[PDB]
file coords09.pdb (PDB, C-alpha atoms and all ligand atoms)
ATOM      1  CA  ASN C   1     -37.201  38.893  56.153  1.00  0.00           C
ATOM      2  CA  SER C   2     -34.448  40.438  54.031  1.00  0.00           C
ATOM      3  CA  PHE C   3     -31.816  40.989  56.733  1.00  0.00           C
ATOM      4  CA  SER C   4     -28.716  39.161  55.484  1.00  0.00           C
ATOM      5  CA  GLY C   5     -25.529  37.934  57.108  1.00  0.00           C
ATOM      6  CA  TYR C   6     -26.525  38.361  60.748  1.00  0.00           C
ATOM      7  CA  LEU C   7     -25.285  36.151  63.563  1.00  0.00           C
ATOM      8  CA  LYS C   8     -28.068  34.832  65.796  1.00  0.00           C
ATOM      9  CA  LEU C   9     -27.427  35.601  69.487  1.00  0.00           C
ATOM     10  CA  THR C  10     -30.772  34.602  71.062  1.00  0.00           C
ATOM     11  CA  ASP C  11     -34.288  33.644  70.011  1.00  0.00           C
ATOM     12  CA  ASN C  12     -34.945  37.259  68.991  1.00  0.00           C
ATOM     13  CA  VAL C  13     -31.603  39.166  68.812  1.00  0.00           C
ATOM     14  CA  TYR C  14     -29.239  39.151  65.809  1.00  0.00           C
ATOM     15  CA  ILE C  15     -25.983  41.069  65.185  1.00  0.00           C
ATOM     16  CA  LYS C  16     -23.851  42.139  62.204  1.00  0.00           C
ATOM     17  CA  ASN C  17     -20.705  44.213  61.634  1.00  0.00           C
ATOM     18  CA  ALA C  18     -22.075  47.028  59.475  1.00  0.00           C
ATOM     19  CA  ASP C  19     -22.855  50.738  59.424  1.00  0.00           C
ATOM     20  CA  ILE C  20     -26.535  51.027  60.346  1.00  0.00           C
ATOM     21  CA  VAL C  21     -26.862  53.603  57.532  1.00  0.00           C
ATOM     22  CA  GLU C  22     -25.703  51.113  54.907  1.00  0.00           C
ATOM     23  CA  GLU C  23     -27.928  48.374  56.320  1.00  0.00           C
ATOM     24  CA  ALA C  24     -30.904  50.716  56.175  1.00  0.00           C
ATOM     25  CA  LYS C  25     -30.121  51.701  52.580  1.00  0.00           C
ATOM     26  CA  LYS C  26     -29.872  48.014  51.616  1.00  0.00           C
ATOM     27  CA  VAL C  27     -32.842  46.586  53.549  1.00  0.00           C
ATOM     28  CA  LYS C  28     -35.291  49.522  53.753  1.00  0.00           C
ATOM     29  CA  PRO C  29     -36.656  48.134  57.038  1.00  0.00           C
ATOM     30  CA  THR C  30     -40.037  49.027  58.458  1.00  0.00           C
ATOM     31  CA  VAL C  31     -38.268  50.580  61.478  1.00  0.00           C
ATOM     32  CA  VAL C  32     -34.732  51.912  61.897  1.00  0.00           C
ATOM     33  CA  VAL C  33     -33.784  53.042  65.406  1.00  0.00           C
ATOM     34  CA  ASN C  34     -31.880  56.280  65.901  1.00  0.00           C
ATOM     35  CA  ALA C  35     -29.627  56.872  68.921  1.00  0.00           C
ATOM     36  CA  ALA C  36     -31.257  60.237  69.598  1.00  0.00           C
ATOM     37  CA  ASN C  37     -30.859  62.932  72.230  1.00  0.00           C
ATOM     38  CA  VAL C  38     -33.749  64.737  73.907  1.00  0.00           C
ATOM     39  CA  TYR C  39     -33.519  67.730  71.516  1.00  0.00           C
ATOM     40  CA  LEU C  40     -33.339  65.543  68.385  1.00  0.00           C
ATOM     41  CA  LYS C  41     -30.114  67.347  67.394  1.00  0.00           C
ATOM     42  CA  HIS C  42     -28.568  64.760  65.075  1.00  0.00           C
ATOM     43  CA  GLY C  43     -24.981  65.978  65.085  1.00  0.00           C
ATOM     44  CA  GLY C  44     -22.724  62.916  65.192  1.00  0.00           C
ATOM     45  CA  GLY C  45     -22.460  59.224  65.831  1.00  0.00           C
ATOM     46  CA  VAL C  46     -25.394  57.139  64.637  1.00  0.00           C
ATOM     47  CA  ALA C  47     -27.736  60.140  64.578  1.00  0.00           C
ATOM     48  CA  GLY C  48     -25.419  62.381  62.584  1.00  0.00           C
ATOM     49  CA  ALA C  49     -24.759  59.564  60.125  1.00  0.00           C
ATOM     50  CA  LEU C  50     -28.445  58.736  59.643  1.00  0.00           C
ATOM     51  CA  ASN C  51     -29.357  62.395  59.243  1.00  0.00           C
ATOM     52  CA  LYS C  52     -26.573  62.985  56.684  1.00  0.00           C
ATOM     53  CA  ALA C  53     -27.877  60.044  54.644  1.00  0.00           C
ATOM     54  CA  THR C  54     -31.317  61.776  54.544  1.00  0.00           C
ATOM     55  CA  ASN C  55     -29.753  64.998  53.177  1.00  0.00           C
ATOM     56  CA  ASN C  56     -30.789  66.739  56.451  1.00  0.00           C
ATOM     57  CA  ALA C  57     -34.500  65.907  55.975  1.00  0.00           C
ATOM     58  CA  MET C  58     -34.469  64.029  59.292  1.00  0.00           C
ATOM     59  CA  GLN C  59     -33.229  67.169  61.066  1.00  0.00           C
ATOM     60  CA  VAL C  60     -35.831  69.429  59.422  1.00  0.00           C
ATOM     61  CA  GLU C  61     -38.636  67.053  60.435  1.00  0.00           C
ATOM     62  CA  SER C  62     -37.178  66.735  63.936  1.00  0.00           C
ATOM     63  CA  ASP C  63     -37.021  70.497  64.439  1.00  0.00           C
ATOM     64  CA  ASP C  64     -40.746  70.735  63.689  1.00  0.00           C
ATOM     65  CA  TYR C  65     -41.415  67.834  66.080  1.00  0.00           C
ATOM     66  CA  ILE C  66     -39.598  69.651  68.908  1.00  0.00           C
ATOM     67  CA  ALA C  67     -41.269  72.979  68.137  1.00  0.00           C
ATOM     68  CA  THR C  68     -44.665  71.283  68.515  1.00  0.00           C
ATOM     69  CA  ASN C  69     -44.022  68.796  71.337  1.00  0.00           C
ATOM     70  CA  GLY C  70     -40.925  69.864  73.263  1.00  0.00           C
ATOM     71  CA  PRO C  71     -37.995  67.615  74.157  1.00  0.00           C
ATOM     72  CA  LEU C  72     -38.200  63.889  74.647  1.00  0.00           C
ATOM     73  CA  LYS C  73     -37.454  62.268  78.004  1.00  0.00           C
ATOM     74  CA  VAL C  74     -34.265  60.299  78.626  1.00  0.00           C
ATOM     75  CA  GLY C  75     -35.518  56.738  78.189  1.00  0.00           C
ATOM     76  CA  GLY C  76     -38.259  57.930  75.824  1.00  0.00           C
ATOM     77  CA  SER C  77     -38.903  57.829  72.103  1.00  0.00           C
ATOM     78  CA  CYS C  78     -40.924  59.115  69.190  1.00  0.00           C
ATOM     79  CA  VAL C  79     -41.817  57.688  65.777  1.00  0.00           C
ATOM     80  CA  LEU C  80     -40.983  59.897  62.783  1.00  0.00           C
ATOM     81  CA  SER C  81     -40.427  59.249  59.093  1.00  0.00           C
ATOM     82  CA  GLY C  82     -37.647  56.970  57.931  1.00  0.00           C
ATOM     83  CA  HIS C  83     -37.189  59.132  54.826  1.00  0.00           C
ATOM     84  CA  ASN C  84     -35.112  57.290  52.194  1.00  0.00           C
ATOM     85  CA  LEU C  85     -33.769  54.800  54.773  1.00  0.00           C
ATOM     86  CA  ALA C  86     -36.835  53.038  56.253  1.00  0.00           C
ATOM     87  CA  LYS C  87     -40.590  53.429  56.536  1.00  0.00           C
ATOM     88  CA  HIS C  88     -40.259  54.815  60.072  1.00  0.00           C
ATOM     89  CA  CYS C  89     -37.462  56.004  62.335  1.00  0.00           C
ATOM     90  CA  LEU C  90     -37.885  55.264  66.042  1.00  0.00           C
ATOM     91  CA  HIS C  91     -35.853  57.972  67.778  1.00  0.00           C
ATOM     92  CA  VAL C  92     -34.852  56.523  71.174  1.00  0.00           C
ATOM     93  CA  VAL C  93     -32.982  58.433  73.894  1.00  0.00           C
ATOM     94  CA  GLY C  94     -30.625  56.321  75.956  1.00  0.00           C
ATOM     95  CA  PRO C  95     -28.843  57.895  78.925  1.00  0.00           C
ATOM     96  CA  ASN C  96     -25.604  59.709  78.176  1.00  0.00           C
ATOM     97  CA  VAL C  97     -22.993  58.502  80.671  1.00  0.00           C
ATOM     98  CA  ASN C  98     -20.653  61.358  79.793  1.00  0.00           C
ATOM     99  CA  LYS C  99     -23.359  63.709  81.133  1.00  0.00           C
ATOM    100  CA  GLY C 100     -23.956  61.669  84.293  1.00  0.00           C
ATOM    101  CA  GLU C 101     -27.366  60.335  83.249  1.00  0.00           C
ATOM    102  CA  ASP C 102     -28.871  57.352  85.130  1.00  0.00           C
ATOM    103  CA  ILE C 103     -27.696  54.150  83.409  1.00  0.00           C
ATOM    104  CA  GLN C 104     -30.814  52.416  84.766  1.00  0.00           C
ATOM    105  CA  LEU C 105     -32.732  54.403  82.139  1.00  0.00           C
ATOM    106  CA  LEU C 106     -31.107  52.218  79.470  1.00  0.00           C
ATOM    107  CA  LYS C 107     -33.653  49.488  80.206  1.00  0.00           C
ATOM    108  CA  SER C 108     -36.492  52.005  79.791  1.00  0.00           C
ATOM    109  CA  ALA C 109     -34.973  53.094  76.485  1.00  0.00           C
ATOM    110  CA  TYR C 110     -34.866  49.530  75.142  1.00  0.00           C
ATOM    111  CA  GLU C 111     -38.487  48.918  76.232  1.00  0.00           C
ATOM    112  CA  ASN C 112     -39.553  51.222  73.391  1.00  0.00           C
ATOM    113  CA  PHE C 113     -38.411  48.532  70.946  1.00  0.00           C
ATOM    114  CA  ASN C 114     -41.168  46.183  72.179  1.00  0.00           C
ATOM    115  CA  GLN C 115     -43.775  48.350  70.424  1.00  0.00           C
ATOM    116  CA  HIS C 116     -42.380  47.192  67.039  1.00  0.00           C
ATOM    117  CA  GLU C 117     -42.323  43.641  65.740  1.00  0.00           C
ATOM    118  CA  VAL C 118     -39.002  44.009  63.839  1.00  0.00           C
ATOM    119  CA  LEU C 119     -36.298  46.684  64.078  1.00  0.00           C
ATOM    120  CA  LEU C 120     -32.852  47.550  62.730  1.00  0.00           C
ATOM    121  CA  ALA C 121     -31.024  49.183  65.626  1.00  0.00           C
ATOM    122  CA  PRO C 122     -27.711  50.345  67.114  1.00  0.00           C
ATOM    123  CA  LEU C 123     -26.501  49.737  70.661  1.00  0.00           C
ATOM    124  CA  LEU C 124     -28.178  52.404  72.779  1.00  0.00           C
ATOM    125  CA  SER C 125     -26.059  54.539  75.123  1.00  0.00           C
ATOM    126  CA  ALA C 126     -22.823  53.166  73.632  1.00  0.00           C
ATOM    127  CA  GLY C 127     -20.606  54.912  71.101  1.00  0.00           C
ATOM    128  CA  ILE C 128     -20.447  58.654  71.733  1.00  0.00           C
ATOM    129  CA  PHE C 129     -23.055  58.324  74.531  1.00  0.00           C
ATOM    130  CA  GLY C 130     -20.331  56.864  76.762  1.00  0.00           C
ATOM    131  CA  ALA C 131     -21.749  53.592  78.134  1.00  0.00           C
ATOM    132  CA  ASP C 132     -20.126  50.165  77.933  1.00  0.00           C
ATOM    133  CA  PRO C 133     -21.344  48.474  74.714  1.00  0.00           C
ATOM    134  CA  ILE C 134     -21.084  45.019  76.322  1.00  0.00           C
ATOM    135  CA  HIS C 135     -23.552  46.203  78.972  1.00  0.00           C
ATOM    136  CA  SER C 136     -25.816  47.753  76.337  1.00  0.00           C
ATOM    137  CA  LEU C 137     -25.990  44.445  74.449  1.00  0.00           C
ATOM    138  CA  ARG C 138     -26.898  42.590  77.657  1.00  0.00           C
ATOM    139  CA  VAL C 139     -29.681  45.054  78.522  1.00  0.00           C
ATOM    140  CA  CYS C 140     -30.967  44.714  74.947  1.00  0.00           C
ATOM    141  CA  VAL C 141     -31.047  40.915  75.146  1.00  0.00           C
ATOM    142  CA  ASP C 142     -32.723  41.005  78.576  1.00  0.00           C
ATOM    143  CA  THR C 143     -35.313  43.688  77.678  1.00  0.00           C
ATOM    144  CA  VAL C 144     -36.319  43.463  74.018  1.00  0.00           C
ATOM    145  CA  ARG C 145     -38.724  40.647  73.152  1.00  0.00           C
ATOM    146  CA  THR C 146     -39.431  41.647  69.534  1.00  0.00           C
ATOM    147  CA  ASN C 147     -37.015  40.842  66.712  1.00  0.00           C
ATOM    148  CA  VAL C 148     -33.991  43.121  66.732  1.00  0.00           C
ATOM    149  CA  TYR C 149     -31.210  43.262  64.141  1.00  0.00           C
ATOM    150  CA  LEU C 150     -28.233  45.085  65.653  1.00  0.00           C
ATOM    151  CA  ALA C 151     -25.678  46.748  63.377  1.00  0.00           C
ATOM    152  CA  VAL C 152     -22.292  47.581  64.934  1.00  0.00           C
ATOM    153  CA  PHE C 153     -19.927  49.636  62.745  1.00  0.00           C
ATOM    154  CA  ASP C 154     -16.654  49.029  64.636  1.00  0.00           C
ATOM    155  CA  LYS C 155     -15.192  45.620  63.742  1.00  0.00           C
ATOM    156  CA  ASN C 156     -12.993  45.243  66.831  1.00  0.00           C
ATOM    157  CA  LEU C 157     -16.006  45.969  69.037  1.00  0.00           C
ATOM    158  CA  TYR C 158     -18.235  43.612  67.031  1.00  0.00           C
ATOM    159  CA  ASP C 159     -15.730  40.791  67.601  1.00  0.00           C
ATOM    160  CA  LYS C 160     -15.556  41.537  71.339  1.00  0.00           C
ATOM    161  CA  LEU C 161     -19.361  41.656  71.674  1.00  0.00           C
ATOM    162  CA  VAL C 162     -19.691  38.257  70.004  1.00  0.00           C
ATOM    163  CA  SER C 163     -16.765  36.574  71.709  1.00  0.00           C
ATOM    164  CA  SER C 164     -17.865  37.649  75.193  1.00  0.00           C
ATOM    165  CA  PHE C 165     -21.570  36.827  74.756  1.00  0.00           C
ATOM    166  CA  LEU C 166     -22.267  33.291  76.102  1.00  0.00           C
TER     167      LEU C 166
HETATM  168  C1  LIG I 201     -23.212  52.739  68.885  1.00  0.00           C
HETATM  169  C2  LIG I 201     -21.814  52.137  68.812  1.00  0.00           C
HETATM  170  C3  LIG I 201     -21.741  50.898  69.718  1.00  0.00           C
HETATM  171  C4  LIG I 201     -21.448  51.730  67.344  1.00  0.00           C
HETATM  172  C5  LIG I 201     -19.943  51.295  67.285  1.00  0.00           C
HETATM  173  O1  LIG I 201     -19.562  51.021  65.951  1.00  0.00           O
HETATM  174  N1  LIG I 201     -21.697  52.785  66.389  1.00  0.00           N
HETATM  175  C6  LIG I 201     -22.334  52.603  65.200  1.00  0.00           C
HETATM  176  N2  LIG I 201     -22.881  51.389  64.932  1.00  0.00           N
HETATM  177  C7  LIG I 201     -23.511  51.214  63.734  1.00  0.00           C
HETATM  178  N3  LIG I 201     -23.651  52.097  62.748  1.00  0.00           N
HETATM  179  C8  LIG I 201     -23.087  53.312  63.030  1.00  0.00           C
HETATM  180  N4  LIG I 201     -23.061  54.406  62.254  1.00  0.00           N
HETATM  181  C9  LIG I 201     -22.432  55.435  62.863  1.00  0.00           C
HETATM  182  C10 LIG I 201     -22.007  55.018  64.104  1.00  0.00           C
HETATM  183  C11 LIG I 201     -22.421  53.646  64.249  1.00  0.00           C
HETATM  184 CL    CL I 202     -21.611  56.416  67.951  1.00  0.00          CL
END
call {"tool": "encode", "arguments": {"input": "coords09.pdb", "output": "structure tokens"}}
result
Amino acid sequence: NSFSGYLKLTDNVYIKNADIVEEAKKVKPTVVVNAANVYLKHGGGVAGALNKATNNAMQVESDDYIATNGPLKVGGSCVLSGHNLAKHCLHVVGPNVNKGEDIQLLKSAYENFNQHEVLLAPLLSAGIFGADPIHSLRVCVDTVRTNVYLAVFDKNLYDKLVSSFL
């Protein structure tokens, strides 16, 4: 595939220091994962950045999704358009530790990735969602069996995730 410059961590998990938005614009993957919340309100972090790059089209589509279907579950997901960034966007809700949500649901969140052969993804529940990114990477490695290309925007964190991995 056309993912470039990734470091191989396991048989199926790869990692790169990059903004997921810029990777999506460059690669146009079949699936980009969004770090969504249950209301699909894409205000900040990964979700706000992805939505901004779609000129708010992701938000407009999401609002119709919620009006029809209601909120997602924590640990759940839905497939929507990838707009100008990807064929599809897999919106996945990891638990928000700042809100006291069950960190065990992080494994359930990552299980959604197994429905897709290849994905470009962020670390779920980390960033503004409040969980430890080192833990999120471990759950990813131990849960996802399909091919996952992880983009991590923060360089200091990227270096810590790699250095502490084996
Ligand atoms: C999720 C968190 C560990 C990570 C820390 O850099 N955030 C992100 N990773 C990749 N692309 C991004 N775009 C906007 C934020 C962001
Ligand atoms: Cl974030």
call {"tool": "closest_residue", "arguments": {"input": "coords09.pdb", "among": "C:62, C:1, C:12, C:17", "to": "residue C:156", "atoms": "all atoms listed in the file"}}
result
C:17
call {"tool": "resolve_selection", "arguments": {"input": "coords09.pdb", "expression": "the PyMOL selection byres (((chain C and resi 86-99) around 6) and not hetatm)", "output": "PDB file with C-alpha atoms, keeping the file's coordinate frame"}}
result
ATOM      1  CA  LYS C  28     -35.291  49.522  53.753  1.00  0.00           C
ATOM      2  CA  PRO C  29     -36.656  48.134  57.038  1.00  0.00           C
ATOM      3  CA  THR C  30     -40.037  49.027  58.458  1.00  0.00           C
ATOM      4  CA  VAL C  31     -38.268  50.580  61.478  1.00  0.00           C
ATOM      5  CA  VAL C  32     -34.732  51.912  61.897  1.00  0.00           C
ATOM      6  CA  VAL C  33     -33.784  53.042  65.406  1.00  0.00           C
ATOM      7  CA  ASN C  34     -31.880  56.280  65.901  1.00  0.00           C
ATOM      8  CA  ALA C  35     -29.627  56.872  68.921  1.00  0.00           C
ATOM      9  CA  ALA C  36     -31.257  60.237  69.598  1.00  0.00           C
ATOM     10  CA  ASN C  37     -30.859  62.932  72.230  1.00  0.00           C
ATOM     11  CA  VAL C  74     -34.265  60.299  78.626  1.00  0.00           C
ATOM     12  CA  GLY C  75     -35.518  56.738  78.189  1.00  0.00           C
ATOM     13  CA  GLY C  76     -38.259  57.930  75.824  1.00  0.00           C
ATOM     14  CA  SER C  77     -38.903  57.829  72.103  1.00  0.00           C
ATOM     15  CA  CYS C  78     -40.924  59.115  69.190  1.00  0.00           C
ATOM     16  CA  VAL C  79     -41.817  57.688  65.777  1.00  0.00           C
ATOM     17  CA  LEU C  80     -40.983  59.897  62.783  1.00  0.00           C
ATOM     18  CA  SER C  81     -40.427  59.249  59.093  1.00  0.00           C
ATOM     19  CA  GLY C  82     -37.647  56.970  57.931  1.00  0.00           C
ATOM     20  CA  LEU C  85     -33.769  54.800  54.773  1.00  0.00           C
ATOM     21  CA  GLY C 100     -23.956  61.669  84.293  1.00  0.00           C
ATOM     22  CA  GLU C 101     -27.366  60.335  83.249  1.00  0.00           C
ATOM     23  CA  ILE C 103     -27.696  54.150  83.409  1.00  0.00           C
ATOM     24  CA  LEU C 106     -31.107  52.218  79.470  1.00  0.00           C
ATOM     25  CA  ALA C 109     -34.973  53.094  76.485  1.00  0.00           C
ATOM     26  CA  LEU C 124     -28.178  52.404  72.779  1.00  0.00           C
ATOM     27  CA  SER C 125     -26.059  54.539  75.123  1.00  0.00           C
ATOM     28  CA  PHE C 129     -23.055  58.324  74.531  1.00  0.00           C
ATOM     29  CA  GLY C 130     -20.331  56.864  76.762  1.00  0.00           C
ATOM     30  CA  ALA C 131     -21.749  53.592  78.134  1.00  0.00           C
TER      31      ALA C 131
END
call {"tool": "closest_residue", "arguments": {"input": "coords09.pdb", "among": "C:104, C:84, C:4, C:115", "to": "residue C:58", "atoms": "all atoms listed in the file"}}
result
C:84
call {"tool": "atom_distance", "arguments": {"input": "coords09.pdb", "atom1": "atom CA of residue C:118", "atom2": "atom CA of residue C:146"}}
result
6.2 Å
call {"tool": "residues_near_ligand", "arguments": {"input": "coords09.pdb", "ligand": "ligand LIG 201 (chain I)", "cutoff": "12 Å", "atoms": "all atoms listed in the file", "output": "PyMOL selection string"}}
result
chain C and resi 15-24+32-36+42-53+94+96+120-137+149-161
call {"tool": "atom_distance", "arguments": {"input": "coords09.pdb", "atom1": "atom CA of residue C:6", "atom2": "atom CA of residue C:40"}}
result
29.0 Å
call {"tool": "atom_distance", "arguments": {"input": "coords09.pdb", "atom1": "atom CA of residue C:57", "atom2": "atom CA of residue C:119"}}
result
20.9 Å
